[PDB]
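Before any comments, here is the structure.
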Amino acid sequence: XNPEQXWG
Amino acid sequence: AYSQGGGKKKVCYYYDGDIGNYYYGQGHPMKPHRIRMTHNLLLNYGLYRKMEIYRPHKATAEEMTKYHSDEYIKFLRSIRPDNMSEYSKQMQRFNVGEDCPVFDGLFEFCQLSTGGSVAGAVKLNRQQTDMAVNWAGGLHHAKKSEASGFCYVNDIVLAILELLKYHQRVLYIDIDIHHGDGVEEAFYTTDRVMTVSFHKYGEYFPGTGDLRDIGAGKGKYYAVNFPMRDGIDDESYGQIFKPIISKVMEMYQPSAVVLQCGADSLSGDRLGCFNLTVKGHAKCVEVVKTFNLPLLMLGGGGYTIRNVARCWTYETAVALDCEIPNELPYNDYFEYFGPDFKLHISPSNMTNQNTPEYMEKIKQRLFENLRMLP
Ligand code: NA
Ligand code: NA
Ligand SMILES: [Zn+2]
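Next up, the structure:
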């Protein structure tokens, strides 16, 4: 979900 | 026999004062404090005088294992920040430790979130309310044996399983900007629950929700997905939401409705790319409310918390049929709503990549699938 961190 | 489906509705509202103290971690977008902001705002508006307010119970592991696996629930009860090292392998198989971190009181947060949804469904089953509101619920990404998208326990699936004790067909509507994958997956092969999700699709979490995903087996044509692009606004959203839901009500004819009101589909969301205002968002609550069915309203996404408090406060007033002034009353978080201190928001200048022809084409293909129902 979070564009700032990871893939989600 | 004199009923006409009108009049003001009986609304029950679930909230636990401890929900705002749970903290996902530094820099994490999911802030349960937004629920306390919502509660305090609608209290200062005086909306507590028009509805019944309940404190939900803590849902037990038995209630959670009505859908989730025993191993996943046992892991949620045990995992804590002080013993993460011992559960290094279990954290990975259950998808906990990144998007869904471990924090103090994680299981209690799941109990309070889930307790409001299952208690709302029980209240609806007993025919003691018209609508039940749980803004701490709506965690639509949680899977049977793993966490996903800031969600750990899927309160929606548990609440719908509770409604299925007394309702033959239940309708689930998801206006969160993300696809309601966890709910759709749980009821993908049954016709007793119809899931309708409106969401941004294409290089976006969770990656599911294609137009061509319509269900499987006995649940074929009982899953509806409306893929959208960036920058959709109130006029384009309302142009398709009411006719799609109206046709679903006609063909499917449910006896109970669950509405996930994720606020991350609003203009200016930290993670969302839509351009809806609070009025355009709340318009979806007005449409579902007209059909006069047992309605469970839930929360969900929303990561610009000042607008989340605005959105869920106004949608509670909409559920109460209470008009509230645009000037925000003073509250414990009055500074969060600057620099305007108004209830409603304005859209941005972002381009609406959803052309009117695109919206009409997707709607027409969904009408073809809806014709396949008995
Ligand atoms: Na959605
Ligand atoms: Na289904
Ligand atoms: Zn979302």
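Chains as they are written, first to last, in my numbering: chain A, 198 to 205; chain B, 8 to 381. Cβ atoms here follow ideal geometry from the backbone N, Cα and C, with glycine treated the same way.
When you compare each of the options to residue i by their alpha carbons, which one comes out closest?
i, options, result
"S355 (chain B)", "B:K96, B:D237, B:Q267 and B:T297", "B:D237"
"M44 (chain B)", "B:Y31, B:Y22, B:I60 and B:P63", "B:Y22"
"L302 (chain B)", "B:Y61, B:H75 and B:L131", "B:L131"
"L300 (chain B)", "B:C117, B:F205, B:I312 and B:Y179", "B:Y179"
"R87 (chain B)", "B:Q246, B:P108 and B:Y244", "B:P108"
"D162 (chain B)", "B:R199, B:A66, B:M201 and B:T136", "B:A66"
"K172 (chain B)", "B:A128, B:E93 and B:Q11", "B:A128"
"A289 (chain B)", "B:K15, B:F114, B:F248 and B:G216", "B:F248"
"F281 (chain B)", "B:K296, B:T358, B:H351 and B:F348", "B:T358"
"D276 (chain B)", "B:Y310, B:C291 and B:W319", "B:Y310"
"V264 (chain B)", "B:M256, B:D271 and B:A270", "B:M256"
"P39 (chain B)", "B:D241, B:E115 and B:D217", "B:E115"
"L380 (chain B)", "B:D25, B:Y228 and B:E342", "B:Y228"
"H148 (chain B)", "B:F212, B:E242 and B:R317", "B:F212"
"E153 (chain B)", "B:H186, B:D106, B:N141 and B:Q134", "B:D106"
"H46 (chain B)", "B:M258, B:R372 and B:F341", "B:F341"
"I80 (chain B)", "B:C117, B:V295 and B:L266", "B:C117"
"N232 (chain B)", "B:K225, B:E242, B:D241 and B:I251", "B:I251"
"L49 (chain B)", "B:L327, B:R372, B:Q175 and B:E70", "B:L327"
"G123 (chain B)", "B:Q371, B:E93, B:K207 and B:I167", "B:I167"
"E242 (chain B)", "B:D271, B:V200, B:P363 and B:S262", "B:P363"
"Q11 (chain B)", "B:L165, B:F298 and B:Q260", "B:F298"
"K349 (chain B)", "B:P36, B:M138 and B:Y52", "B:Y52"
Should residue i be counted as a contact of ligand 3 given a C-beta to heavy atom distance under 7 angstroms?
i, result
"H185 (chain B)", "yes"
"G123 (chain B)", "no"
"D271 (chain B)", "yes"
"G127 (chain B)", "no"
"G307 (chain B)", "yes"
Going by DSSP in three states, residue i sits in which element: helix, strand or coil?
i, result
"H35 (chain B)", "coil"
"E334 (chain B)", "strand"
"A139 (chain B)", "strand"
"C158 (chain B)", "strand"
"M201 (chain B)", "strand"
"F233 (chain B)", "strand"
"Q260 (chain B)", "coil"
"residue 1 (chain B)", "Look at the range of chain B in this structure, 8 to 381, and you will see that residue 1 (chain B) is not part of it."
"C19 (chain B)", "strand"
"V177 (chain B)", "strand"
"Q267 (chain B)", "strand"
"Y61 (chain B)", "strand"
"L171 (chain B)", "coil"
"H288 (chain B)", "helix"
"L283 (chain B)", "strand"
"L146 (chain B)", "coil"
"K207 (chain B)", "strand"
"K349 (chain B)", "strand"
"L273 (chain B)", "strand"
"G226 (chain B)", "helix"
Is there a Cβ from chain A that is less than 8 angstroms from the Cβ of residue i?
i, result
"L278 (chain B)", "yes"
"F205 (chain B)", "no"
"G156 (chain B)", "yes"
"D181 (chain B)", "no"
"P250 (chain B)", "no"
"residue 6 (chain B)", "Because chain B in this structure spans residues 8 to 381, residue 6 (chain B) falls outside the shown range and cannot be described."
"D188 (chain B)", "no"
"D106 (chain B)", "yes"
At a threshold of 7 angstroms, does residue i count as lining ligand 2 (C-beta to nearest heavy atom)?
i, result
"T197 (chain B)", "yes"
"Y74 (chain B)", "no"
"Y229 (chain B)", "yes"
"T320 (chain B)", "no"
"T297 (chain B)", "no"
"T202 (chain B)", "yes"
"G222 (chain B)", "yes"
"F233 (chain B)", "no"
Apply the 10 Å Cβ neighbour rule to residue i and answer buried if 16 or more other Cβ atoms are within range, or exposed otherwise.
i, result
"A324 (chain B)", "buried"
"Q360 (chain B)", "exposed"
"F205 (chain B)", "buried"
"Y159 (chain B)", "buried"
"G189 (chain B)", "buried"
"residue 382 (chain B)", "The first residue shown for chain B is 8 and the last is 381, placing residue 382 (chain B) beyond what the model contains."
"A8 (chain B)", "exposed"
"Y74 (chain B)", "buried"
"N28 (chain B)", "exposed"
"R62 (chain B)", "exposed"
"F101 (chain B)", "buried"
"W319 (chain B)", "buried"
"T284 (chain B)", "buried"
Does the beta carbon of residue i come closer than 8 angstroms to any beta carbon on chain E?
i, result
"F212 (chain B)", "Of the chains in the structure shown, none is chain E; the protein chains are A and B."
Check whether the Cβ of residue i lies closer than 7 angstroms to any heavy atom of ligand 1, and answer yes or no.
i, result
"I182 (chain B)", "yes"
"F205 (chain B)", "yes"
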